[PDB]
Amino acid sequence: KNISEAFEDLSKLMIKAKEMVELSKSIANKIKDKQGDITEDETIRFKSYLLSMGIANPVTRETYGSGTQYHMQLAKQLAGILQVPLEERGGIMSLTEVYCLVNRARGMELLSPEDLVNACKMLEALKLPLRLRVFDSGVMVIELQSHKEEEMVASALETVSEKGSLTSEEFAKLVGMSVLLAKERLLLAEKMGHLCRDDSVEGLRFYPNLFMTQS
């Protein structure tokens, strides 16, 4: 009566939502409108419809609504929680370190990966004290307003030079940061031209870019 029933009830529950999905792209057809600038409000309700409904995807009605009201709020509520922990790590965290911290504090109603990303993607466009950021590598980071990587490329340089050359795990221990970011810092520095690379089994060493001095 359970082993069974549960299945029956499911499809019923599903037919129902199936209906929900049909007349929601329909509501997307009922947006022929042409322009787009200062935020609107008819749409606001539509999104919260789709979020509640797991069809959360104006993946084609983007220029018909941004992200979300809930996500805008969540972003704010995030900027509060993340200030401190950002600070104690040099103003930069990995998205997944965040996902880990934020979700580890709450025992329940945890954030979905997308919630977090969505929340963060509009952090910037809310003049908030911290910013999302993506690297060449596709690695996603949260960093403080105050803090700025390109000022950090200057000091990476010295520390490299003081040490001759460093790999990322090496640099990681010296600045005391995460291997993933040390790597990105050294890679950024190589980008801007302060660093050059020595790749081999020994590992991927970064040396100061001498090709630009001595010639």
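Just count from 1 along the sequence shown to find any residue number.
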| property | result |
| --- | --- |
| Stretch with the greater mean C-alpha B-factor as recorded in the entry, comparing 165-173 against 60-68 | 60-68 |
| Where the record places residue 179 (Cα B-factor, split into thirds across the chain) | lowest |
| Third of the chain's Cα B-factor distribution that residue 23 belongs to, per the entry | highest |
| Residue 44 by Cα B-factor - lowest, middle or highest third of the modelled chain | highest |
| Lowest, middle or highest third - CA B-factor, residue 156 | middle |
| Entry-reported Cα temperature factor of residue 204, expressed as the chain third it lands in | lowest |
